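First, one chain by itself: the form solved without this ligand, in structure tokens.
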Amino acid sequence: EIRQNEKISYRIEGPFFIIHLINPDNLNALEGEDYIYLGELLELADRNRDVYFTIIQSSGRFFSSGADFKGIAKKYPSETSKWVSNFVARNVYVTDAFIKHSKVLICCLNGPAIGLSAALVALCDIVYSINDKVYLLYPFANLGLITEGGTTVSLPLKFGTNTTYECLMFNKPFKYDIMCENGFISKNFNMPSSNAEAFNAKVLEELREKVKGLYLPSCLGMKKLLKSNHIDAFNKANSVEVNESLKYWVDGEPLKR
């Protein structure tokens, strides 16, 4: 068991643990406590012996527009203490939940993802797209922040170093063509952008077919070995990213933007 969250649901269907972002009217923008809740759902999936795949699905036109700004609120003895509790803690936890996850993590990209949400997409093992209008945007340079959610490692790993610099330094999107040219997207479903619900069902239908006849413990044993290629780099980056962001928050520049 776990508390209910009106913005994120989950369910289990056979070997699939399915997480669903269900706040399309706000483009599935997520507050700090929602990122924590995502980590807690990954923990549930990770401990469930019948689960082999964790599938993240969303709703409406965006996968997620990223961290919900409105959050702010109004209690802490310093600006540092405040940002350690609100930003550092949450980022280090949810990023670690993705990095360490032992089940096969699949993202169903129904639209654009931005910011920390787009970082989490880049931490997934497999990504499927609704159509060719999807993109990922990491607007750190425009917001006065730095890399988050393991993007320091994942973006050069999955898109190449030179491409990563052009996108990050100048606040440009990783568009569909860049995703395709780097094999980031394993299948494009070519469905209308209004059709996230049908897209999500179609991915699960194909997954049910694809797992027939496989020995699912092999999937997990192979993931365990594959994860060892970059696990150290991801764990180092996570700690450094969250601690180096603090000067940007405490300076105040992101609040201005």
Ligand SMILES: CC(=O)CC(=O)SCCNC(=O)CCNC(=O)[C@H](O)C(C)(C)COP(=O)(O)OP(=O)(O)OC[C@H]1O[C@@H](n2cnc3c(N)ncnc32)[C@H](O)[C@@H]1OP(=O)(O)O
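Whichever C-alpha set is largest while still superposing within 1.5 Å between the two forms counts as the rigid core. Shifts are known only where both forms have a C-alpha. Residue indices: 1-based, along the sequence shown.
Trainee: What about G71, is it left unmodelled in a third or more of the other PDB entries we looked at?
Mentor: yes, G71 frequently unmodelled elsewhere, at least a third of entries.
Trainee: Comparing average C-alpha B factors as deposited, tell me which of 147-155 and 75-83 sits higher.
Mentor: Comparing 147-155 with 75-83, the higher average CA B-factor belongs to 75-83.
Trainee: Please compare 245-253 with 232-240 and say which has the higher mean C-alpha temperature factor in the record.
Mentor: It is 245-253 that shows the higher mean C-alpha B-factor.
Trainee: Taking the Cα B-factors listed in the entry, which of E181, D125, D96, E166 comes out highest?
Mentor: Comparing C-alpha B-factors across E181, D125, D96, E166, the top value belongs to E181.
Trainee: Of the choices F69, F63, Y35, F53, which one's C-alpha carries the largest B-factor in the record?
Mentor: Highest C-alpha B-factor among the listed residues goes to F69.
Trainee: Name the third of the chain's ranked CA B-factors that contains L225, choosing lowest, middle or highest.
Mentor: Its C-alpha B-factor belongs to the lowest third of this chain's values.
Trainee: Quick check on the deposited entry: does the C-alpha B-factor of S193 sit in the lowest, middle or highest third of its chain?
Mentor: For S193, whose C-alpha B-factor we compare with every modelled residue in the chain, the answer is the highest third.
Trainee: Splitting the chain's C-alpha B-factors into thirds, which one does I130 fall into?
Mentor: It falls in the middle third of the chain.
Trainee: Mind checking which third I114 falls in for C-alpha B-factor across the chain?
Mentor: Middle third, going by the recorded CA B-factors of the chain.
Trainee: Relative to the other modelled residues in the chain, which third contains the C-alpha temperature factor of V92: lowest, middle or highest?
Mentor: Ranked within chain, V92 CA B lands in the middle tercile.
Unshown form solved in complex with this ligand; subsequent notes refer to it.
Trainee: From the list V134, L155, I106, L137, which entry has a heavy atom within 4.5 Å of this ligand in the deposited complex?
Mentor: The residue from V134, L155, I106, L137 that makes the contact is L137.
Trainee: Note which of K224, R208, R47, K70 lies within 4.5 Å of this ligand in the deposited complex, where distance is taken over heavy atoms; exactly one does.
Mentor: Comparing distances to this ligand in the deposited complex, the residue within 4.5 Å is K70.
Trainee: So which stretch, 155-163, 121-129, 137-145, 97-105, is the one near this ligand in the deposited complex (non-hydrogen atoms, 4.5 Å)?
Mentor: Answer to the contact question: 137-145.
Trainee: With the partner left out of view, is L168 within 4.5 angstroms of this ligand in the deposited complex by any non-hydrogen atom?
Mentor: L168 lies outside the contact set for this ligand.
Trainee: Heavy atoms within 4.5 Å of this ligand in the deposited complex: does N26 have any?
Mentor: Output for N26 is yes: heavy atoms within 4.5 Å of this ligand.
Trainee: Whether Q57 contacts this ligand in the deposited complex should be assessed with a 4.5 Å heavy atom distance threshold; does it?
Mentor: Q57: no contact with this ligand in the deposited complex.
Trainee: Taking heavy atoms only, is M179 within 4.5 angstroms of this ligand in the deposited complex?
Mentor: Judged by the heavy-atom cut-off of 4.5 Å, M179 is well away from this ligand in the deposited complex.
Trainee: Enumerate the residues of 106-134 that have a non-hydrogen atom within 4.5 Å of this ligand in the deposited complex, in sequence order, or give none.
Mentor: Sequence-ordered list has one entry, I114.
Trainee: Considering only residues modelled in both forms, extract each run of at least three consecutive residues whose CA displacement is 2 Å or more throughout between the shown form and the other one after core superposition, in sequence order.
Mentor: Shifted segment: 72-74, the only one.
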